[PDB]
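Report on the structure given below.
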Amino acid sequence: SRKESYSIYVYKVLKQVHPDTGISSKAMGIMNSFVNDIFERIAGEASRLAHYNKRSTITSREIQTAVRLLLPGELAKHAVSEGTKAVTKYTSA
Amino acid sequence: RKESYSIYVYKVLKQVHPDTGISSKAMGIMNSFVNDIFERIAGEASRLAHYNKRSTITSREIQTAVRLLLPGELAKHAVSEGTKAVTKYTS
Amino acid sequence: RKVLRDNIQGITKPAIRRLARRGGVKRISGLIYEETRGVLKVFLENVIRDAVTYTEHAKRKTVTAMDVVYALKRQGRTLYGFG
Amino acid sequence: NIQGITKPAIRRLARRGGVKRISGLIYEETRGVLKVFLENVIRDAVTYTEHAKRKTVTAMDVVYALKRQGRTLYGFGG
Amino acid sequence: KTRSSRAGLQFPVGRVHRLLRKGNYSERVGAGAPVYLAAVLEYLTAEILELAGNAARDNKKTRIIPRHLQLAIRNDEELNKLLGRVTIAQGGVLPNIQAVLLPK
Amino acid sequence: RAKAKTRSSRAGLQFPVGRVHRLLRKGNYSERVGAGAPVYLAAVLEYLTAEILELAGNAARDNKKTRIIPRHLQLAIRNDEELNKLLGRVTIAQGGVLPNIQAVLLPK
Amino acid sequence: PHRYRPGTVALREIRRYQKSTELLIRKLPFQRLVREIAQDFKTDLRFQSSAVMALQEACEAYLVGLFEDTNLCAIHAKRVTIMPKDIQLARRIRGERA
Amino acid sequence: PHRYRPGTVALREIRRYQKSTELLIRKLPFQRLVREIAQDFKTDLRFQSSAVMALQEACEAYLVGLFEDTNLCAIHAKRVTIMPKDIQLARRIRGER
DNA sequence: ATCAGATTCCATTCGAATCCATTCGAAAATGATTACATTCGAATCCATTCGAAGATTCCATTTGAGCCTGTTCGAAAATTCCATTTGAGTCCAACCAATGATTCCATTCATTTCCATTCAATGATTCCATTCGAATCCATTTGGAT
DNA sequence: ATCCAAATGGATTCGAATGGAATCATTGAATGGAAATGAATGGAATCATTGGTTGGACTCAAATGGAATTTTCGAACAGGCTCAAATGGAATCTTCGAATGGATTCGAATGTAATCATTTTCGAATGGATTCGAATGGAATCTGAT
C-alpha cells in the first residue's frame, strides 16, 4: 500500500533556502498539490502547443513556450533561466 | 485538405428544419461550437479514465463527461440520444 | 438510519457572522443570514453533485476527498491539501 | 494610437451595453482597460506566432490566445 | 457500410474515432465512445440549429445569421449556461434596458 | 558495467527528472517526449517550489515559529503579487485570509 | 456600568478571525447538511472524513471571498452594511447569475 | 425648435445598436492600435486580416460585457451614470484586478 | 389630455450584388480482414474504514432588552455632461505590384522508442525527540465616559 | 485632557502530538544495443500582406444652452449592535460491527496493427438566388403649448 509524493524534493529544496526551518505535514500536502497542479498546467499547455503545430513530440522548446504562457512576468523569466540552465548543463555530459 | 463539420451541420440543419440554408460565417460559428464541445467532452473523458487508472475511453466515460459538462435537461437528452445511437450501432 | 431534515439551519447566525468577519464585514443586515444559506446551499449542491458523479463513475459508494477535489477543480475552484 | 479610440466609438460601445449616462473620466478609463486587454491577448497571441517560427500572426493564434485567457471566440476556425 | 449510418447519424462517427486517437486523450478508444460522442454532438448541433432557424424567420430572414445564433443561445437558459464563457462573433447582445432607466 | 547516476544530478537538480519524464509519458500529453523536456520542467517545478518555500519561511520566522504551516504558505502567496496571480483561483487548506480592513469602516 | 459602542466588537473580531485559519462553521451540523444534500441526490452513500473536511474548507473559502466582494458592493453604494442586494450584485458580476 | 430632452434618444440609440451586430469601433484606428501594441512585444510582425477582425470582435465584446456589469454597478449605488469607480468595482469583482 | 407640429421608425415594393448550393474530377480517409497484444469484466480473500451509538463536559447558541447610529426620506445647490449645429479630416475602399514568407517535398543524420536486466532512489513502517497547542499571568494598551 | 476594566499582547511553562531519521523491502530509474521516427536542410512555387495613391463621405471634434441628475445637507424613522442569562448539543473519547474497498490472480472480448481497395469530402468554379440599401407614405411617438 504505497503511493508517490514530491515530499523529499520539496524537503531538500526547503533545506537549501531555510536550513533552520521545518515543514508541517499538512503544509507539505499543500506543497504536493502545488507541484502537481503546476506540472499539469505546464504539460497541458505544452501538449496544446505541439498539437496546434502538428508535431508529435513535446520538447524543451514546448515546455518553455508553456512557461512563458502560464507564468506571470518576472516569475516566468526566472523560470526560463533555471530551466535552460538545467537543460544545457544536462546536454553536456 | 483540410477538415470541417460543415456538411454535417447542413444535413442536420435541414433534417430538423427544412426551412433554411446556412451562411458561411454562421457555418463558422457552428464549426467552432462543434469543435469546442468535442474538446470539452473528450478532455473530461480522458481525465475520468486517468483518475480511475483505465487506459481506454469507453462510452461510459463519454457519458459521465456529458453529465458533468452539460447542464440539466440538455444533459439528459444528450445521454439519451447517446445511448440510443450506441444501441442501434450494436445492431 | 434517521431522517435528515432542515440542516441548512445548522449554519447558524453566529457562524455566518464569523464568516462575515474573516471576510471583512463590519455590519450585517438581518435579511443576509437566510440569503447566505440560500447561496451556500446552491454552492454545496453544485459541488456535491459533481463529486457524487465522480464517485458513481468510479463505481464506488463512498465519496473520496479526491472526488471532492476533482469536483471543485471542475467548478474552477482548485483546492490544495487533500490530494 | 490609443486616441484613435474615439469618444463616439466608446459611447456606442456603452450603448450596446445599455448605459444611460457617461462620466467624462470614463473614455480615458475605458481606453485604459481596453489597452490592458488588448496587450494581454496579443502577448499570448504573439507568443504563439513565435513558437510556430512564423512572423505572421494567424487568426488561429488570436483564437488560442483568447481561449487561454478564458474569452472563447467562435467563428474564426476554432 | 458506414458506422454513422449503422448508428443512424449524420455526424461522422469515423472521423470522431480518428480524432479520439490523434488527440492524445488515451492510448485506446473504445468502439462505442465515438458513436456516443458523435451522437451528443449531433443533438447539440440540432437543438442549436432549431432554435436558430426559428430565431431566423421570427425576423423573417430565410437564413440563420450569427445574430440568430446569438438570440437562440442567449434566450435558451441551459444553452446560455453551456456557452456563457463563449463569445459569438457577429452576435450582438440581447435588447435589454434596466427598468430604473426607462422613461417615467 | 558502468555505474549510473541520475539525470537529476547531470542537470544539478534536486527534483526527480526521471519521474517527471515518466509522468510526461503516462499522461497522454504527446506520443513522444524529447529528452530535454523533463529536465526543463523539473527545473521549473524545483524553481517555483523554491521561491514559495523561501517566502513562506520568511512569514514563518516573522510569526516566531520554526516550522512552515499552511497559514504561512497563504501569507507568502497572497502578499507576493505574481504568486498571487499564479494561484489566483487556488484555495489553500487551512490558509486563512490576509488581514485587510477597508478605509471607510475605520473610526472617524 | 460598561461596555463598548456600536462598531467596536465588529472591528475587534474582524481582526480576530482574519488572524486565524479555523473553520468558522461548526463541524457536525455541516456534516449533516452534506449528508442530506448528498443523499437526496443519491442514496446509500458513504463519506471519507477527509472528503467532508475538503467540502467544508472549500465552502468556507467560497463564502468568505463572497463576503469580501459583498462588502465592497455595500461600500460602493456608500453603506457600511452588507445587504442581500449586495450579495446578488456580487454573484451577478461573478458570472454565477444573469 | 421642438427638440429632444436629456437622455431619451440616448435610450433610442441604445435599442438600435443593441439590435445590430455592427462593429462599433472604427476599424483602421483599431488596426493601428493593434499593430503598435504588438510591435512593443516583437517587431517585424504582420497580421492576417482575419486576425485583426478577430481581435476587434473580442475587444468590442469584452467592452460590451464590461459596460453591462458597470451599469449594474452604477444602478446599485442609486446613481444612473457610469463612473471610473464603477468600472473598477466591476473589474475587481470579476477578478481582473 | 389633446392640440397639433417635426422628426423617426416603420414597413411595403424596388433594383443590384454579393453569395449558397449544386455539380465535378482527386486527394485523403474510412471500412474490412485476418492476426495480435492486452484491458479489465469475474471473482474470492484480506482490512481499512466508516458508521452508529453512548456519555459527559462546557462551549456557544438562543432569546430578548435598550439604545446608538447609519439608512432613507426630503429638499436645495451645484455641475457635470445631453443635445445639435458647423466645419474640418481622417476613415472607407479599389484595385493594384511586388516581394517576403509561408509551405510541400525529399533526402540523411540525430533523436526518441523498445525491451529486458540489475542498481540505487524511495517510499511505510516503528522508533524517539522536539515544536507547540493549551494555561496563567503581568503589562500595554485600548475605549468610553467626567 | 484624565480615570476605570477589561482586553492585548506576549513573556514564560509543561504535557504530547507531530515531527524528522534509521532500517528493510521493492518499485522504478537507468543502461545499452537495435528499431522506428522526426526535424531540419536546402529547395522551390503560390500566396496573402504590405504599400502607396487617390477620390467622397460620412464621421468626428468643439462650442454653446439649460434641463436634469448628482452631493450635499439635515431630519427622522429604525434596524442591527451590544449585553447577559439559559442549556443545548457539539466536541470529544473509545469502543466495535461488517459493508465495501482494493491487492492478486486468471480469462474471454475488446481494441490495435497493419494493409489494401473502395468510398468520401474537399475543392473550386458556375447558375439561381436572398438582402443590402433607397424610396417614400403613415403611423408613431415625441413635443412646446390651448
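Each chain of the C-alpha cells is named A, B, ... in the order shown, its residues numbered from 1; ligands are numbered from 1 in display order.
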Exercise for review: For residue 6 (chain B), list every protein, DNA or RNA residue within 12 Å, evaluated using only C-alpha atoms (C1' of nucleotides), and leave out those in the same chain fewer than 5 positions away; present the list as a ChimeraX atom specification.
Suggested key: /B:11-13,21-35 /D:77 /E:10-12,45 /J:121-122
Check your understanding: If we count only C-alpha atoms, which residues of chain A reach to within 10 Å of chain E? Please list them as number ranges by chain.
Key -> A: 47-48, 51, 56
Go ahead and write the residues just picked, N, CA, C and O atoms, as an mmCIF file, in the first residue's frame.
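So the final result, stored in result-v3.cif, reads:
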```cif
data_model
loop_
_atom_site.group_PDB
_atom_site.id
_atom_site.type_symbol
_atom_site.label_atom_id
_atom_site.label_comp_id
_atom_site.auth_asym_id
_atom_site.auth_seq_id
_atom_site.Cartn_x
_atom_site.Cartn_y
_atom_site.Cartn_z
ATOM 1 N N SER A 47 1.260 20.363 -24.508
ATOM 2 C CA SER A 47 0.560 19.416 -25.365
ATOM 3 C C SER A 47 -0.302 20.143 -26.379
ATOM 4 O O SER A 47 -0.298 19.817 -27.571
ATOM 5 N N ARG A 48 -1.037 21.147 -25.923
ATOM 6 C CA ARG A 48 -1.743 22.007 -26.856
ATOM 7 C C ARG A 48 -0.790 22.564 -27.893
ATOM 8 O O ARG A 48 -1.117 22.616 -29.079
ATOM 9 N N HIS A 51 0.314 20.006 -30.458
ATOM 10 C CA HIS A 51 -0.832 19.667 -31.304
ATOM 11 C C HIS A 51 -1.170 20.797 -32.289
ATOM 12 O O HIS A 51 -1.456 20.528 -33.460
ATOM 13 N N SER A 56 4.445 15.673 -33.044
ATOM 14 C CA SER A 56 4.105 14.523 -32.222
ATOM 15 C C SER A 56 4.905 14.454 -30.932
ATOM 16 O O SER A 56 4.800 13.457 -30.206
#
```
**Study point:** DSSP helix (DSSP H, G or I) residues within chain E, listed as a PyMOL selection string
**Key:** chain E and resi 3-6+13-22+33-58+66-75+77-82+99-101
Check your understanding: Using only C-alpha atoms (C1' of nucleotides), which residues sit within 12 Å of residue 108 (chain I) once same-chain residues fewer than 2 positions away are excluded, as number ranges by chain?
Key -> I: 106, 110; J: 38-41
Residue subset to file, keeping C-alpha atoms (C1' of nucleotides), as a compact mmCIF listing (two decimals), in the first residue's frame:
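After the write, out27.txt holds the following:
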```
# COMPACT_ATOMS: atom_id res chain seq x y z
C1' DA I 106 12.98 14.61 -50.06
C1' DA I 110 20.22 12.53 -34.86
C1' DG J 38 11.36 13.29 -36.75
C1' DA J 39 13.47 17.56 -37.73
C1' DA J 40 15.58 20.26 -40.19
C1' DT J 41 18.31 21.22 -44.62
```
Give the residues of chain H that lie within 12 Å of chain F; count only C-alpha atoms, and format the answer as a compact mmCIF listing (two decimals) with C-alpha atoms, in the first residue's frame.
```
# COMPACT_ATOMS: atom_id res chain seq x y z
CA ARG H 94 -14.59 39.96 -11.92
CA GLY H 95 -11.16 39.06 -10.53
CA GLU H 96 -9.35 41.08 -13.19
CA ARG H 97 -7.72 43.27 -10.50
```
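Across the structure, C1' of residue 81 (chain J) and CA of residue 30 (chain C) are spaced 11.7 Å apart.
Residue neighbourhood of residue 43 (chain B), excluding near-sequence residues (fewer than 4 positions): residues 37, 38, 39, 47, 48, 49, 62 and 65 of chain B; 20, 23, 24, 25 and 26 of chain E, at 10 Å, using only C-alpha atoms (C1' of nucleotides).
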Check your understanding: Given a cut-off of 10 Å, which residues of chain F touch chain B, counting only C-alpha atoms, written out as a ChimeraX atom specification?
Key -> /F:26-28
Restricting the output to N, CA and C atoms, write the selected residues as an mmCIF file, in the first residue's frame.
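Result written to part29.cif:
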```
data_model
loop_
_atom_site.group_PDB
_atom_site.id
_atom_site.type_symbol
_atom_site.label_atom_id
_atom_site.label_comp_id
_atom_site.auth_asym_id
_atom_site.auth_seq_id
_atom_site.Cartn_x
_atom_site.Cartn_y
_atom_site.Cartn_z
ATOM 1 N N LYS F 26 3.160 8.957 -19.316
ATOM 2 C CA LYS F 26 1.941 8.263 -18.922
ATOM 3 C C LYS F 26 0.726 9.183 -18.860
ATOM 4 N N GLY F 27 0.875 10.455 -19.189
ATOM 5 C CA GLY F 27 -0.222 11.389 -19.109
ATOM 6 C C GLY F 27 -0.901 11.712 -20.416
ATOM 7 N N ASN F 28 -0.530 11.048 -21.511
ATOM 8 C CA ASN F 28 -1.183 11.260 -22.807
ATOM 9 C C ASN F 28 -1.047 12.698 -23.289
#
```
